[PDB]
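Per chain, numbering begins at 1; letters A, B, ... match sequence-line order.
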Number of protein chains: 2
Amino acid sequence: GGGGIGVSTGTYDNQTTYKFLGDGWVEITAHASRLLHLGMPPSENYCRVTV
Amino acid sequence: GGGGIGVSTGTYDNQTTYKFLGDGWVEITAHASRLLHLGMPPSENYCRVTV
């Protein structure tokens, strides 16, 4: 159904919309979309490191 | 009644009001008030002057 490997699961949107309401009030909706690169953690163990 | 020699007959107003309506529309009402000095016309006759 909605879930599928070949179907996209979201929409890229990065635009700042300005909605002027009244009496000088402004609704500023800021959309931000970015592509993220994640890699394998050097270790899978939590570590107490001392500097 | 409303008319009187000692009563003022108007209000001095010289302010630019900004009324934001919506969708970014602005109603700019500009009030302007000035004191005017008028003197007697050098002549009371219409004149066809040639330069």
Say you draw a straight line from NZ of A:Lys19 to CD1 of A:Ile28; how long is it, rounded to the nearest 0.5 Å?
-> 13.5 Å
Hey, does the side chain of A:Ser43 reach the backbone of A:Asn45 with a donor-acceptor pair shorter than 3.5 angstrom?
-> yes
Calculate, to the nearest 0.5 Å, the distance between atoms OG1 and CG belonging to B:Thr16 and B:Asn14 respectively.
-> 7.5 Å
Separation of B:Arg34 CZ from B:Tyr12 OH (nearest 0.5 Å) = 6.0 Å
Out of curiosity, B:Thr17 OG1 to B:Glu27 CD, how far, rounded to the nearest 0.5 Å?
-> 9.5 Å
So OH of A:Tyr18 and OG1 of A:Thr29: to nearest 0.5 Å the spacing works out to 10.5 Å
Heavy atoms only: give me the nearest B:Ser33-B:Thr11 pair and the separation to one decimal.
-> OG-O, 4.4 Å
What do you reckon, is CG of A:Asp13 surrounded by more than 12 foreign heavy atoms closer than 6.0 Å?
-> yes
